[PDB]
Amino acid sequence: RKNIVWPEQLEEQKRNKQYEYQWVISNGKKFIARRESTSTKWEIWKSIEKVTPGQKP
Amino acid sequence: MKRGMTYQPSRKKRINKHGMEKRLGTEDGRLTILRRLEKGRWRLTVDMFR
Amino acid sequence: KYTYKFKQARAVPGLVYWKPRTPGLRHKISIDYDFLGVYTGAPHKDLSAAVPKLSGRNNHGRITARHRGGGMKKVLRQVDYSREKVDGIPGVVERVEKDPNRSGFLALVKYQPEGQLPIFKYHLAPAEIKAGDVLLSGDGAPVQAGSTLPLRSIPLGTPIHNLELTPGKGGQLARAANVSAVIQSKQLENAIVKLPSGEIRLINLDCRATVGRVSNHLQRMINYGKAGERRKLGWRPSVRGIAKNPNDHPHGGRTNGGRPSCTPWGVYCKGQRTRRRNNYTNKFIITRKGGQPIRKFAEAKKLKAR
RNA sequence: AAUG
RNA sequence: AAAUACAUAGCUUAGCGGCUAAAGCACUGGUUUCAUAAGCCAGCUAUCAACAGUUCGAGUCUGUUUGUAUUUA
RNA sequence: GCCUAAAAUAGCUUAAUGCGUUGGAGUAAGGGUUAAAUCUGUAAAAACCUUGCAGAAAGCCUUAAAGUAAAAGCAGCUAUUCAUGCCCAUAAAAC
RNA sequence: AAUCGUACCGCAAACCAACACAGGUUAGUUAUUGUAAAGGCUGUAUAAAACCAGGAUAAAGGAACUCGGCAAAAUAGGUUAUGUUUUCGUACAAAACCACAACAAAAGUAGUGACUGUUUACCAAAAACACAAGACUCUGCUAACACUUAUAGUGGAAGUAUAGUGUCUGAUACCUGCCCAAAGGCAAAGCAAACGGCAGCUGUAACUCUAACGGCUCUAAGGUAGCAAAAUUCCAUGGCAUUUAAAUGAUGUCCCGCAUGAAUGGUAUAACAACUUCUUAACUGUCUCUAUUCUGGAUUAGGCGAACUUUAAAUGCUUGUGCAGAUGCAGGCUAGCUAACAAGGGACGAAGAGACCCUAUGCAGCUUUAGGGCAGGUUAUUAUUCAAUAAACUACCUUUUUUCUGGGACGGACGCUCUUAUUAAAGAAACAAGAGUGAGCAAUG
RNA sequence: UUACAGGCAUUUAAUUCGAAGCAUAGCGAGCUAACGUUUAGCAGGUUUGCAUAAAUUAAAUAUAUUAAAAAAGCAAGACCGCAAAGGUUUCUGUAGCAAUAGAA
Ligand SMILES: [K+]
Ligand SMILES: [K+]
Ligand SMILES: [K+]
Ligand SMILES: [K+]
Ligand SMILES: [K+]
Ligand SMILES: [K+]
Ligand SMILES: [K+]
Ligand SMILES: [Mg+2]
Ligand SMILES: [Mg+2]
Ligand SMILES: [Mg+2]
Ligand SMILES: [Mg+2]
Ligand SMILES: [Mg+2]
Ligand SMILES: [Mg+2]
Ligand SMILES: [Mg+2]
Ligand SMILES: [Mg+2]
Ligand SMILES: [Mg+2]
Ligand SMILES: [Mg+2]
Ligand SMILES: [Mg+2]
Ligand SMILES: [Mg+2]
Ligand SMILES: [Mg+2]
Ligand SMILES: [Mg+2]
Ligand SMILES: [Mg+2]
Ligand SMILES: [Mg+2]
Ligand SMILES: [Mg+2]
Ligand SMILES: [Mg+2]
Ligand SMILES: [Mg+2]
Ligand SMILES: [Mg+2]
């Protein structure tokens, strides 16, 4: 079997994942939306109450 | 055993096997579409609707 | 060779002799892992992966390896055959585990590098290693079972296993249950090594090996009592050639064995050689299995042509 | 150098 | 019933156109031995299924009448 | 304290022999019998000098066994475990 | 907080089967001691034929039925002292004893496979296949092998000779003999648990018989043990014993056995079997031999409304005749008319351009030491830093495999001369008959 | 000799209809065969080989121990059997309810 992905490889790929960030407003509450660089789908990740803008969480 | 029941309908199977997206994915399927345009059939694929 | 007297005696420790309560239990002999101290649970989460079964089908979707498929779920373990990463750091054995994909036993070892977190690895268990033992590798290690050293620091008569053909790729040669290899002599840059099959070969002195044998001495005493026992392992039944029709096999006809025994593709299978006469690796083989000199094999049809 |  | 082979001293076994004959056992006589066997020496069987042909000349080549196998119905 | 052809356990030594063994040199036989032949060789054997691999057995000491190991049995070297045997010095009021 | 589904059918007259088709169709829930809450559904008009189907009862006998206990019936269930066989786990026999209403169905003998399993959808479920297990051979890791145009890539396997590929035997117990000559294949000049083979004649022991024992020929070797009237035997229903009143049957035994035989395995074997064979107990409408009866159809009435088939018809018997078995032709006979209910002799009755056999400008699949080729792999030789050529082995491609004939096959025959019968001109056939020949001579011109 | 009408012949689908088949390219695994991933199902009973606990419960109470279904478990290609999956024998049916069904 020439193609196997071990847990160490899975974690390395997960840690090397890039995102595009966009701020949105919903019902007066600010949310952060992100899109994976290798996909075309956006999703709402978190709210500003749990995230600190300007850092790398 | 009783025969004659070779058709077991399935909507997902019908779209995946004979759909327009499938016919456009290969050169031979594209040629099939042209042949049906040349003959002038009103419905091109089982997947078509307005 | 299995005999019914062997099961009746019920002598060898470490085996489960199932009482003949049913037709499928009369000839069944298995291994008692609890009596041996071998762990038979789930593998380590960080050293294992769940994969689908292939059933002997390639990327073209056609069957290339016959009589496979239909068993239980498959899980693979990652084994470190080359211990070059942890050369200096000593390791402590935590458990000895059973793996249905191999015939030997695996050992779980924890390393504690200075200034870092503990590290876990799987190794092929040597013959006489139990939980709590200490394993060491690299220069400055004793010549004892479980130690990995280059061939330049191993005595001639010491049995070894898990030998590397290439300097750093990893051990490939001696892995099966209760097998070993020996060193006969050491030359300027090569050592003469006798392999488990009885072949004498040249191996570079910078390769590494593990002292001892493999850790399962009850492999040949097993007897599967049922057809379904091997079905659960992932093996399917096969049909004899003379039972088929002419369009399926060369033996297909009504008569049995009209022609000499051969493969389904017509190659004689009772002594015809399949190794290439001009194989590039002939420069490293001294004597083949059975005692045949390499030159006798390499130059056999050339003399007939002349 | 078997036999009586 | 057709088809392929074979009938050779007392018995196995050479021979298949120049004469109608080879070898081994058996049989007979002698020698050795207290005597019988083994061993040695010398002899003997007109030696060629039956009939009609071919040929200067046929056990030998061609047909028929008998006997024996082998295959087929 | 010493000894042991006693038992169990584990390491070590090689005279000779065998070969689908290495290199050198050399050319018709080698082997065997009452007498022969099968067999092995001349396509390079045996014999001679060297190389590699392997199993079994223990020359002189060595003699009974005189140890008697309970009988069956027991001697290549070294060590461990254990049981005897020798010297010297002790021991038991009831077994 | 947007977007899409929400009706109706869904064990069915609405989905899959051309149909309102006795067929097929997934999951989740509900009442009920001997019963059963909720909910759901509903059939033209009659009856005192034959006959057919599915049930019930039956005197006396109890397999006498039949290819065969087919079908039907049957105390069917539980606990046992004792005995037998075992692979020691099992399995079987058993006087007797114990049962509220429901549910109910044997043992032994032989043959073959160990066992549970699998198979020809639509005539074969088996002794066939698989199976755990035994053996042989190949493979040193970029393993052998398979897929592929392969220079890729992938399976083997992320496994490493206690492993993987191929082949034949087929649990287990006791066993498993000889041959590598010729023609091939493979290999290290050897290989049989690779493909295969494993004789004949003749003389001899008190009377007889037989041959313990001799002689000869030939071969690579000449079939050893075991078993044996077989799932194998032409004579054949072999001889003897048991079984029955009666035995082409079954079991036991005798045995060079047309043509048994040891891993294409030999001989046994507890358990197991909708497998084949024979027997015992019981039971019975299977039978002597049938009778009565219930339900549904047929049959009578109203309504609705098919199909096979049809050259034309006003369509008797009998013997003769004839393309050789006549409703229709010739002789001898036959005289109220049309249907209903019932039976099935004939109309060489209906359905499907006979499958058997032979004949083709035949077709197709399979096999091989029938002919030719090289276009994959292996192997051999040569050359450049994944190549070229091929009388080899494997795979693949393509082509050939007469006619005559008292049907075809088997056998025999096919050119050219002489002679016999079909009279005395010539000619004249049959797988009619009787004989020659495919040369010789330098002189035999 | 040239032209025209006719009969016959040669070549080209050449009097009409009819094979089993051969070659090239595409469409099919919603039936069926094997396999992959995910999911679900199998009443009620019977026989047998094993399994003991954060400290099982009592008595002995040291010593020596003893009794108890004191176990919310594993194993069987195990047995009688409702569903379910099959298709052993019989009868019915035979353009049939059905181009393979019904009852036992
Ligand atoms: K098989
Ligand atoms: K065959
Ligand atoms: K079963
Ligand atoms: K065979
Ligand atoms: K059966
Ligand atoms: K009629
Ligand atoms: K005739
Ligand atoms: Mg077959
Ligand atoms: Mg005498
Ligand atoms: Mg009665
Ligand atoms: Mg009768
Ligand atoms: Mg069976
Ligand atoms: Mg079965
Ligand atoms: Mg069938
Ligand atoms: Mg069956
Ligand atoms: Mg059937
Ligand atoms: Mg066996
Ligand atoms: Mg046979
Ligand atoms: Mg057999
Ligand atoms: Mg009626
Ligand atoms: Mg008439
Ligand atoms: Mg008339
Ligand atoms: Mg016809
Ligand atoms: Mg003909
Ligand atoms: Mg079961
Ligand atoms: Mg059952
Ligand atoms: Mg089936």
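Residues numbered from 1 in each chain as written, not as in the entry; some residues may be left out. Chains lettered and ligands numbered in written order. Part of a larger assembly, values for the part shown. Heavy atoms only, no water.

Looking at the method and resolution fields of the entry, one finds cryo-EM and 3.1 Å.

Time to look at the sheet that holds strand β3 (residues 42-47) of chain A. All names here are of chain A. Here we have 3 strands laid out as an open sheet, ordered β1-β2-β3, and antiparallel in their pairing. Either end of the sheet is taken by a strand with one partner, and the two such strands are β1 (19-26) and β3. Between one strand axis and the next, the sheet turns through 35° on average, direction left out of account. Two strands pair when backbone bridges link them, and strand β2 (residues 29-36) and β3 are joined in this way by 5 bridges, in the antiparallel orientation. If you follow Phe31 over to β3, its bridge partner there is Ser47. (Pairing = 2+ DSSP bridges. Helix = DSSP H or I, 4+ residues; strand = E, 2+ residues; numbered from the N terminus. Axes fitted to C-alpha atoms, helices over the stretch in contact; angles between N-to-C directions.)

Let us look at the arrangement of the chains. For the non-touching pair chain A and chain B, the nearest C-alpha separation works out to 20 Å. Chain B makes no contact with chain C; the smallest distance between any of their C-alpha atoms is 18 Å. (Contact = heavy atoms within 4.5 Å.)

Below, the discussion takes up the interface of chain C and chain A. On the chain A side, the residues contacting the 12 residues of chain C number 5 residues. Counting each side, the surface lost to burial between chain C and chain A is near 630 Å², with a carbon and sulfur contribution of 66%. At the junction of chain C and chain A, the tally comes to 1 residue pair in polar contact. Among the secondary structure elements, those contributing two or more residues to the side of chain C that touches chain A are β3 (48-51) and β4 (74-77) of chain C. (Buried area = accessible area lost by both parts, 1.4 Å probe. Polar contact = N/O pair within 3.5 Å; in protein donor to acceptor, adjacent residues only side chain to side chain.)

Turning next to the side chain of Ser137 of chain C. All names here are of chain C. Mapped onto the secondary structure, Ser137 falls in the loop between β8 (134-135) and β9 (148-150). According to the relative accessible area criterion, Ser137 is buried, its value standing at 3%. Looking at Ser137, its side chain comes within polar contact range of the main-chain oxygen of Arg83, at 3.4 Å. Excluding its chain neighbours within four sequence positions, the residues that come into contact with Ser137 are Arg83, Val86, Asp87, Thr148 and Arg208. (Buried < 20%, exposed > 50% of the residue type's maximum accessible area, 1.4 Å probe, protein only.)

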